[PDB]
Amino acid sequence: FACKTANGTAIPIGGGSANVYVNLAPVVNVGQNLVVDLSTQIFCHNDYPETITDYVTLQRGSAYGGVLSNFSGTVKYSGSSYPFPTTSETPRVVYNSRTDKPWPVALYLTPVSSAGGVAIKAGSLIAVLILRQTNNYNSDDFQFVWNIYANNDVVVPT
């Protein structure tokens, strides 16, 4: 099992970490949702689908900076919703193909009532997503860290 970003930065067999830089809605109103969709940025595949089932959770979705102080957050994993920042590991998803498949992860962040001005600072770290990979074959328990970085400021109209 391995993953890669849309720009081609890879995290090989065994885990590791990568930086993902995402473009955001530049202007977001209170009562409106800012969508960070990593299913366009993060892909993974199973190296031996003939024999092995890879199982993939979001183990932890952690929040920093302006995403942590100005937004209320939900995280959609493979079709179900959860709090973001997360409260427990999600259910396991199966990668059974060598073709690279999206990691089905999307942040849905809503500005808090007191939000206003520059809610997210360009180039800050807005989130750390922990991908957890196991299988049905050995005792492999591997961690693919995604450090999510803002490509641009986000303003909440005042």
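Don't overthink the numbering: it's just position in the shown sequence, from 1.
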For the stretches 148-156 and 2-10, which has the higher mean C-alpha B-factor as given in the deposited record? 2-10
Of 121-129 and 45-53, the stretch with the higher mean C-alpha B-factor in the deposited entry is 121-129
Checking the entry, which one of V27, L68, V93, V112 has the top C-alpha B factor? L68
In terms of the chain's CA B-factor thirds, is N135 lowest, middle or highest? lowest
Record-listed C-alpha B factor of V36: chain third: middle
Which third, lowest, middle or highest, does the CA B-factor of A63 fall in along this chain? lowest
Consider only the C-alpha atoms of the modelled residues in this chain, order them by B-factor as the entry records it, and name the third containing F84: lowest, middle or highest. highest
